[PDB]
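All heavy atoms count here, side chains included; hydrogens, waters and symmetry mates do not. A, B, ... follow the sequence lines: proteins, then strands. Residue 1 opens every chain. Both counts, for ligands and for their atoms, begin at 1 and track the order of listing.
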Amino acid sequence: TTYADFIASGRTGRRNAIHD
Amino acid sequence: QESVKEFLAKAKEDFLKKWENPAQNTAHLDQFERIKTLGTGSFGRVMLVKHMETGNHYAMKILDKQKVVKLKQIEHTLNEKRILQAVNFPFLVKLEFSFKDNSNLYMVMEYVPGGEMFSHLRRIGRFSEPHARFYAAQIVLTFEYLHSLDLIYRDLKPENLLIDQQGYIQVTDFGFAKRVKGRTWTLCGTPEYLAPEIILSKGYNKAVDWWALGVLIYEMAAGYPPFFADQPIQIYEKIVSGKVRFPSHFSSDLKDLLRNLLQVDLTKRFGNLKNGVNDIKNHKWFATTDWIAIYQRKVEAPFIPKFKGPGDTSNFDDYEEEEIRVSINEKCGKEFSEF
Ligand SMILES: CC(C)C[C@@H](N)C(=O)Nc1ccc(-c2ccnc3[nH]ccc23)cc1
């Protein structure tokens with residue numbers, strides 16, 4: 001399931017902003 | 001009763017006065033007691049503090065000047081403070097005091113004890129469409145307000161949306177916000193929320209905030225974002241591929257709104273067209289939304305956080321506590337003169 005794929009991913013915690 | 005045009009006109013007069021004559025140096029670190037870190041990162045930290053003179057609690061954002069410089073965030077930091085001291089809207093966290101010392105910059109905002117939408121959304125899993133729509137209407141109004149003052153927000157996500165004791169949203173973190181009438185070009189934002197035109201290094205405008213609203217509504221309603229992967233490069237490929245998949249439980253109305261917000265073609269993205277925000281506000285998914293009642297906070301919220309008392313931090317995670325070091329020498333004086 002898409003949920004299970006998300007829950008197994010490394011990006012389920014708080015996400016930092018990007019910059020160059 | 002007044003029109004929206006008339007409300008925004010007066011709001012602009014109020015804002016421009018503060019924009020052109022910003023408040024500066026309105027407190028000192030010595031007036032505050034440190035209680036607990038509420039959030040950290042390379043981009044700064046936020047601490048719960050108590051103001052001795054009143055006993056009020058506040059959320060104090062602390063930036064190390066030397067780290068801001070190394071991250072090339074000088075002008076973004078001056079933006080954040082200049083804009084925040086000048087705005088006034090029901091769904092924006094208020095800036096109460098700002099000041100600086102030899103080592104750091106300080107923004108003291110109102111404390112919102114209910115925590116980030118992020119933590120509630122992840123635990124509960126997903127929000128119902130009525131629940132998501134209540135929150136989304138608040139962002140729609142906030143963007144109407146910000147955009148009318150020529151401000152772009154550029155960091156919408158659940159992490160930045162606090163839930164107050166009345167169950168309403170407060171937007172926080174203005175670190176990438178900018179006052180710009182034309183196009184602008186900085187690469188900034190959060191990977192899952194970035195519009196294709198940011199990724200593709202084009203000049204872009206306030207339409208990036210409307211795209212990010214589409215991502216937020218999806219994430220709230222599905223429990224996961226529309227484009228996710230283990231690494232940002234792979235998220236960017238999904239974002240620009242031109243494809244999105246909706247859960248089968250998404251309503252027809254919801255899918256149709258999201259198709260028009262997560263729209264790669266800028267001549268077709270809702271928010272950006274001739275009818276402006278009204279394309280969004282008059283969409284069938286929002287037919288039950290009383291926009292004035294939302295602005296007035298008269299609608300009953302779907303979820304109310306748990307109180308527990310003033311200063312209680314349970315609705316926030318635990319972070320490593322680090323000293324507030326103040327050098328005996330002034331750092332970066334020229335760079336932050338206007339702060
Ligand atoms: C600061 C960033 C560069 C670091 C980021 N990772 C972060 O932590 N942002 C963050 C934002 C708001 C709060 C907060 C919590 C409760 N009430 C509040 N009122 C006003 C702000 C507030 C706490 C933390």
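Ring to ring, B/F7 and B/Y295 are close: their centroids are under 6.0 angstrom apart. When ring centroids are compared, B/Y106 and B/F32 stay outside the 6.0 Å threshold.
Nearest-residue assignment for atom 5 (C) of ligand 1 (options B/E159, B/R45, B/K61, A/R14; heavy-atom criterion): A/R14. The nearest non-hydrogen atom to atom 4 (C) of ligand 1, considering only B/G44, B/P113, B/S42, comes from B/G44. The residue from B/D164, B/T37, B/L162, B/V112 that puts a heavy atom closest to atom 22 (C) of ligand 1 is B/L162.
In the displayed structure, B/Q24 atom CD is contacted under 6.0 Å by more than 12 heavy atoms of other residues, nucleotides or ligands.
Atom CD of B/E338 is separated from atom CZ of B/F336 by 10.5 Å, given to the nearest 0.5 angstrom.
You'll find the side chain of B/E116 reaches within 4.5 Å of the side chain of B/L162, heavy atoms only. In this structure, A/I18 and B/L194 have side chains that are in contact, with non-hydrogen atoms separated by less than 4.5 Å.
The backbone of B/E110, and not its side chain, has at least one atom closer than 4.0 Å to an atom of ligand 1 (non-hydrogen atoms only; backbone = N, CA, C, O).
Within the listing of ligand 1, atoms 19 (N), 20 (C) sit less than 4.0 angstrom from a heavy atom of B/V93. For ligand 1 and B/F43, the ligand atoms under 4.0 Å from any heavy atom of the residue are 3 (C). Atoms of ligand 1 found under 4.0 Å from any heavy atom of B/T40 (numbered from 1 in listed order, with element): 6 (N), 8 (O). Close contacts between ligand 1 and B/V46 involve ligand atoms 1 (C), 10 (C), 13 (C), 23 (C), 24 (C) [criterion: under 4.0 Å to a heavy atom]. Taking a cut-off of under 4.0 Å to the non-hydrogen atoms of B/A59, the atoms of ligand 1 that pass are 18 (C), 19 (N), 20 (C), 21 (C), 22 (C). Atoms of ligand 1 lying under 4.0 Å from at least one heavy atom of B/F316, given by number and element, are 15 (C), 16 (C).
Between B/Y58 and ligand 1 there is no heavy-atom distance shorter than 4.0 Å.
Of the residues listed (B/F303, B/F134, B/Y135), the one engaging B/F127 in a side-chain contact (heavy atoms from CB on, under 4.5 Å) is B/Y135, and it is the only one.
Defined by atom type and a distance below 3.5 Å, a donor-acceptor pair is missing between the side-chain atoms of B/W210 and B/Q263.
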